[PDB]
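*Asks:* Here it is: the structure, laid out below.
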Amino acid sequence: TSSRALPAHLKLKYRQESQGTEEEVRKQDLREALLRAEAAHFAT
Amino acid sequence: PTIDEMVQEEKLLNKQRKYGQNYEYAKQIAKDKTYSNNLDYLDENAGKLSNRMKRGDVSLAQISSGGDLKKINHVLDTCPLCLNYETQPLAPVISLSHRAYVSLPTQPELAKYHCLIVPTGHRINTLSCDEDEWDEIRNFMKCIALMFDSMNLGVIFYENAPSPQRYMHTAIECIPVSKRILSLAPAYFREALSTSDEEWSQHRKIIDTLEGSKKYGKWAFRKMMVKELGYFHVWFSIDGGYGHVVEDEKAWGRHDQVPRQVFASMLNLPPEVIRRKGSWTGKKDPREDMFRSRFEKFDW
Amino acid sequence: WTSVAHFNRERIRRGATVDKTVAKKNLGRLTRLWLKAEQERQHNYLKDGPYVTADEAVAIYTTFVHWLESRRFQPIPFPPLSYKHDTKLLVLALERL
Amino acid sequence: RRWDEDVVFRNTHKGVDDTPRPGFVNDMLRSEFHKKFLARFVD
Amino acid sequence: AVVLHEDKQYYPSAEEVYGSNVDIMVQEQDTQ
Amino acid sequence: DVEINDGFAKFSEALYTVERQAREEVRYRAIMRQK
Amino acid sequence: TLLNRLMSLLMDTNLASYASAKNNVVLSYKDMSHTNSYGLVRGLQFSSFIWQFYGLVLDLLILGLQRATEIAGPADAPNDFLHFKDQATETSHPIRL
Amino acid sequence: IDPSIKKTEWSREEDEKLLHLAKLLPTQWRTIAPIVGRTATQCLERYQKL
RNA sequence: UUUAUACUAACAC
RNA sequence: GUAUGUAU
Ligand SMILES: [Zn+2]
């Protein structure tokens, strides 16, 4: 139809195991990593 | 069509300087209405922009008069000099040649014995004059010079015709100046002429008839300079001179000044004399009478 | 609208842009943006009053007086009605115009 | 120190520092940025 | 006494509007 | 509706006195220089 | 105001009124305009003369009266663009030229 | 021509303060006009010339 | 026959 | 007198 509507990036990029998979977020305790990060920023 | 017929069409145009192939090109753009100024469009038309030469006509009646009827006649009807049977000039006049004469200038006045030669016919550029008419101007030049030679003086004369589209008469004016101040003038003008106008011109500032006269003294000016377009010219002695052709006349001076400013400096006068205004009118005896009696001794 | 008159005066400072349109528009938008702030610099000078402070002006005036005093300076008069130089002066003025 | 004695003014620019440059402003026309942008591109 | 036009700061410090236990972060330039 | 601050008035009249005073200082100087 | 007073020295009181008055003006551009009380305007034909003599003031707060009279020298016969009378006066100050 | 101008009348007691600013500013006639209220600086200059 | 307006204008200087 | 449309 046009130039822009040609095949491009036929591949998606699912999340690899280290960079932020959804399963690793469940086992992660977001709660405590949040507080500890605020204390460090505040102290400095 | 036809070649022998087509030759006739070409010579007719040659006399009519106002209309050629530039006016048919410039007319076609105004007439076109839809005209985008590109290279894509100018090619897509191409033939449509050149096409004309149907409405052009008139033949002899157009050329005989020249420079329009309404314009030149309006100039001729008002022209304050032009010597005929019918018309008598506004200038008082001193001595009449067959095709020229001496007369006194406007009231502001540059010097005590300031005069001007004027041809009888409507000449404009003094290069358009006949060689028969020019010979009378030469006898005037020598007698006027010899008049001021007894006074211990000498003279510089000049003429200024930056615009012949206006279609004015040309008055070659005589300016009495002392010989030590005369010898400086070659410098003054040479500065003024090179400075005055913008210096990207083609024609090159300064064209010496003083060196040309050594090659051909009878006519250096007439040979070298060209009549058709603008111009300005000064001279020393009979056939010396400096010469400059004028372009961008708006820059030069519409009322005459570039030369008059140089004489306003060289001779040194107040800043109220610099600009020439007034009129000839008539019957101005007390000033022009003193010149006639003095001039008649040296005047043929 | 202000943002842009920033961003395009720094694609002209540099060189990138062309065609009057943009160098015409973002000359307008400045000319306003600047008149806006030559208005405030006036209004907020009559409201905030002279910044010089008399004591400072007194020194500046008096010190100036001593300088002119030291020179034996003559003050420039009003043009006489019989003044040889005025005709010359006028012509110059016009020639400049 | 007789040259500094002759000066008719004294420590004028004495407390010239600090300014509100740290203070962010929600007014594009009356920031410091803009005062520099008009400082530079004019006169 | 005289506040020269250059100084004439129209608005109030970002602190004194909260100015105590709140963190005032001015972030123009990027990092990384 | 806008008005000038009081300091403006102060400034104007402060200069008048300097011009008055200085004028006399010049006439004092001029008289001294005649001797 | 200060200009009006400073000006009043250099010339007649009537001329100096013109200049000072001349500067007030209304400035105009399209939809908008404003008065010009505070600033000095350059468009005037004589705005050179105003800025040179009022610049003179801003030199006589840096130099000081003492040094300035040495540089310019006597008013009767002032020194060259960058010369003095004596070597003593030349070396008296850190400010040479 | 406009309505905002006050052509008619000049009220003595309001007017002795209009010549007062001339002592302050000296010339400066366009900054005087919005204060004095009568505007039309021409007349504000001509009134002090009376 | 005179005066004005527009159209002739795909005119001319 | 076309660019652009209306009628046969
Ligand atoms: Zn003629």
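Letters for chains follow the order of the structure tokens (A, B, ...), residue numbers begin at 1 for each chain, and ligand numbers begin at 1 in the order shown.
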Ligand 1: which residues are within 12 Å, counting only C-alpha atoms (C1' of nucleotides) and all ligand atoms? Reply as an MDAnalysis selection string.
*Replies:* chainID B and resid 72:84 87:91 100 118:124 167:171
*Asks:* Excluding residue 28 (chain H) and residues on its chain fewer than 4 positions from it, collect all residues at most 7 Å away from it, counting only C-alpha atoms (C1' of nucleotides), and give them as an mmCIF file with C-alpha atoms, in the first residue's frame.
*Replies:*
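This is the output file around23.cif:
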data_model
loop_
_atom_site.group_PDB
_atom_site.id
_atom_site.type_symbol
_atom_site.label_atom_id
_atom_site.label_comp_id
_atom_site.auth_asym_id
_atom_site.auth_seq_id
_atom_site.Cartn_x
_atom_site.Cartn_y
_atom_site.Cartn_z
ATOM 1 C CA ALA G 21 12.010 65.735 26.382
ATOM 2 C CA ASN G 24 10.477 60.327 26.657
ATOM 3 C CA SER G 37 10.459 57.199 30.715
ATOM 4 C CA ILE H 32 2.797 62.791 33.774
#
*Asks:* Could you please determine the separation between CA of residue 196 (chain B) and CA of residue 245 (chain B) in Å, to one decimal place?
*Replies:* 11.3 Å
*Asks:* Within 9 Å of residue 298 (chain B), counting only C-alpha atoms (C1' of nucleotides), which residues qualify if same-chain residues fewer than 5 places away don't, as JSON, numbers by chain?
*Replies:* {"B": [143, 144, 146, 147]}
*Asks:* So how many Å separate CA of residue 62 (chain B) and CA of residue 132 (chain B), to one decimal?
*Replies:*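 These atoms are spaced 27.2 Å apart.
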*Asks:* Name all residues at most 8 Å from region 18-21 of chain F (count only C-alpha atoms (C1' of nucleotides); drop same-chain ones fewer than 2 positions away) and give them as a VMD selection string.
*Replies:* (chain C and resid 58 61 to 62) or (chain F and resid 14 to 16 23 to 25)
*Asks:* With N, CA and C atoms kept, could you save the residues just selected as an mmCIF file, in the first residue's frame?
*Replies:*
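Generated output (out_25.cif):
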data_model
loop_
_atom_site.group_PDB
_atom_site.id
_atom_site.type_symbol
_atom_site.label_atom_id
_atom_site.label_comp_id
_atom_site.auth_asym_id
_atom_site.auth_seq_id
_atom_site.Cartn_x
_atom_site.Cartn_y
_atom_site.Cartn_z
ATOM 1 N N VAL C 58 24.218 63.079 43.718
ATOM 2 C CA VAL C 58 24.868 64.289 44.207
ATOM 3 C C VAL C 58 26.367 64.230 43.929
ATOM 4 N N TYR C 61 27.020 64.308 40.037
ATOM 5 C CA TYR C 61 26.837 65.667 39.535
ATOM 6 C C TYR C 61 28.022 66.544 39.933
ATOM 7 N N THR C 62 28.289 66.614 41.234
ATOM 8 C CA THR C 62 29.329 67.492 41.782
ATOM 9 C C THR C 62 30.714 67.188 41.214
ATOM 10 N N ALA F 14 16.442 67.019 45.797
ATOM 11 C CA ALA F 14 17.832 66.815 46.196
ATOM 12 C C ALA F 14 18.805 67.411 45.177
ATOM 13 N N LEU F 15 18.468 67.296 43.893
ATOM 14 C CA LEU F 15 19.317 67.815 42.817
ATOM 15 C C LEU F 15 19.260 69.335 42.687
ATOM 16 N N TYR F 16 18.097 69.918 42.965
ATOM 17 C CA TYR F 16 17.926 71.370 42.900
ATOM 18 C C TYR F 16 18.944 72.063 43.808
ATOM 19 N N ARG F 23 26.379 76.369 42.013
ATOM 20 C CA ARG F 23 26.385 77.671 41.339
ATOM 21 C C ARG F 23 27.071 78.737 42.187
ATOM 22 N N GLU F 24 26.799 78.729 43.489
ATOM 23 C CA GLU F 24 27.455 79.651 44.414
ATOM 24 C C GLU F 24 28.940 79.325 44.580
ATOM 25 N N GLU F 25 29.274 78.036 44.635
ATOM 26 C CA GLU F 25 30.678 77.603 44.679
ATOM 27 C C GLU F 25 31.474 78.091 43.462
#
*Asks:* Write out as a list in words each polymer residue whose atoms come within 8 Å of region 78-85 of chain C, counting only C-alpha atoms (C1' of nucleotides); drop sequence neighbours fewer than 2 positions from it.
*Replies:*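 Counting only C-alpha atoms (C1' of nucleotides), the residues come to residues 76, 87, 88 and 89 of chain C; 11, 12, 14 and 15 of chain G.
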